[PDB]
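*Asks:* In order, the protein sequences belong to chains A and A'. A prime marks a further copy of an entry chain.
Following PDB author numbering, the numbering of the first sequence begins with 480 at its first residue and continues without gaps.
Following PDB author numbering, the numbering of the second sequence begins with 480 at its first residue and continues without gaps.
One structure is given below, represented as structure tokens, and several questions about it will come after.
2 protein chains.
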Amino acid sequence: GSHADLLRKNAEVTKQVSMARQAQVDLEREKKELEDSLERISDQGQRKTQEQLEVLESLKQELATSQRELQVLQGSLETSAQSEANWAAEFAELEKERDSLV
Amino acid sequence: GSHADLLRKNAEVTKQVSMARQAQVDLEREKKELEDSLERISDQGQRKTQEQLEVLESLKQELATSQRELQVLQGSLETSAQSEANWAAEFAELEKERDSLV
């Protein structure tokens with residue numbers, strides 16, 4: 480009857496209330512880990528952006544230095560070369576003399 | 480009276496309809512330029528991301544090459560150096576002989 484129905488109907492509403500109060504708990508908790516995960520994937524993402532900027536900066540620095548160094552060696556080779564030339568000429572003169580004496 | 484009010488009231492609704500039909504036109508048009516601007520700032524943003532990737536790649540390539548080149552010069556200096564040594568020794572022998580004859 481109407482009494483049975485109301486009593487049954489009401490018993491269900493109580494169960495649903497309980498279930499909703501549970502969803503509350505489960506959701507509010509599931510959101511706490513999303514909050515954390517988000518806070519991390521962000522924290523990490525902003526530091527990766529940095530390392531990169533520091534890698535790119537350093538990279539330019541490294542190349543620039545290598546260039547300066549390469550230019551200095553090109554000069555040392557230049558001078559050394561000029562020096563080997565003199566030795567030959569120097570040796571030439573001694574040879575000319577040695578030949579004169581023998 | 481009620482007739483004056485309805486007639487006046489209705490005249491206003493007609494004016495508003497017209498104004499709304501205008502907002503339609505103006506908005507639908509203002510959105511066409513947002514559509515374009517967005518399509519551009521995006522198109523440009525995706526190509527800038529590329530150039531960069533190509534700058535970074537090239538940069539590594541350049542540094543790597545400079546390193547190989549620097550290493551080769553370090554060797555040329557090494558050999559040239561060894562060569563200057565020989566000249567001195569070579570010159571030394573000639574000198575010893577020249578001194579013997581004089």
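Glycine residues also receive a C-beta, built at the ideal position from the N, C-alpha and C atoms.
Between which two residues does the alpha helix (DSSP H) carrying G524 of chain A extend?
*Replies:* Taking the first sequence and counting its residues from 1, one reaches residue 524 of chain A at position 45. Residue range 481-580 is occupied by the alpha helix (DSSP H) that includes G524 of chain A.
*Asks:* Residues of chain A' with CB under 8 Å from residue 468 of chain A, in chain order?
*Replies:* The question about residue 468 of chain A has no answer here: the residues shown for chain A are numbered 480 through 581.
*Asks:* Short of 8 Å in beta carbon distance, which residues of its chain neighbour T544 of chain A, apart from the five on each side in sequence? Order them along the chain.
*Replies:* For this step, residue 544 of chain A is matched to residue 65 along the first sequence. Answer for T544 of chain A: no residue qualifies.
*Asks:* Counting contacts by CB-CB distance shorter than 8 Å, is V581 of chain A' in contact with chain A?
*Replies:* Against the second sequence, residue 581 of chain A' aligns to sequence position 102. Closer than 8 Å to some Cβ of chain A, the Cβ of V581 of chain A' qualifies, so yes.
*Asks:* Using a C-beta cutoff of 8 Å, does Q546 of chain A count as contacting chain A'?
*Replies:* Numbered from 1 along the first sequence, position 67 holds the residue referred to as residue 546 of chain A. Answer yes: the Cβ-Cβ gap between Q546 of chain A and chain A' drops below 8 Å somewhere.
*Asks:* With a threshold of 8 Å between beta-carbons, can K539 of chain A' be considered close to chain A, or not?
*Replies:* Residue numbering aside, residue 539 of chain A' sits at position 60 when the second sequence is read from its first letter. True, the Cβ-Cβ gap to chain A drops below 8 Å.
*Asks:* Are the CB atoms of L573 of chain A' and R577 of chain A nearer to each other than 8 Å?
*Replies:* Reading the second sequence from its first residue, position 94 is the one you call residue 573 of chain A'. Reading the first sequence from its first residue, position 98 is the one you call residue 577 of chain A. It is a contact, given that the beta carbons lie within the stated cut-off.
*Asks:* With the cut-off set at 8 Å, would you say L580 of chain A and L580 of chain A' are in Cβ contact?
*Replies:* Locating residue 580 of chain A in the first sequence gives position 101, counting from the first residue. Locating residue 580 of chain A' in the second sequence gives position 101, counting from the first residue. When the beta-carbon positions are compared, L580 of chain A and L580 of chain A' come within less than 8 Å of each other.
*Asks:* Report the residues of the segment 482-504 of chain A' with a CB closer than 7 Å to any CB of chain A, ordered along the chain.
*Replies:* none
*Asks:* Under 8 Å, Cβ to Cβ, is there at least one residue of chain A' near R526 of chain A?
*Replies:* Here residue 526 of chain A corresponds to residue number 47 of the first sequence, with the count starting at 1. No, its Cβ sits nowhere closer than 8 Å to a Cβ of chain A'.
*Asks:* Do three or more CB pairs link the segment 561-573 of chain A' to the segment 561-575 of chain A at distances below 8 Å?
*Replies:* yes
*Asks:* Examine the Cβ distances between the segment 523-539 of chain A' and the segment 531-539 of chain A and report whether three or more of them are shorter than 8 Å.
*Replies:* yes
*Asks:* Tell me the rounded alpha-carbon separation between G524 of chain A and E514 of chain A'.
*Replies:* For the purposes of this step, residue 524 of chain A is identified with residue 45 of the first sequence, where counting begins at 1. For the purposes of this step, residue 514 of chain A' is identified with residue 35 of the second sequence, where counting begins at 1. For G524 of chain A and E514 of chain A', the distance between alpha carbons rounds to 30 Å.
*Asks:* To the nearest whole angstrom, what separates the beta carbons of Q553 of chain A and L552 of chain A', a pair I think is in contact under 8 Å?
*Replies:* Within the first sequence, the letter at position 74 stands for residue 553 of chain A. Within the second sequence, the letter at position 73 stands for residue 552 of chain A'. Confirmed, Cβ separation roughly 7 Å.
*Asks:* Taking only the alpha-carbon atoms, compute the straight-line gap between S497 of chain A' and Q503 of chain A and give it to the nearest angstrom.
*Replies:* Here residue 497 of chain A' corresponds to residue number 18 of the second sequence, with the count starting at 1. Here residue 503 of chain A corresponds to residue number 24 of the first sequence, with the count starting at 1. Spanning the two alpha carbons is a distance of roughly 49 Å.
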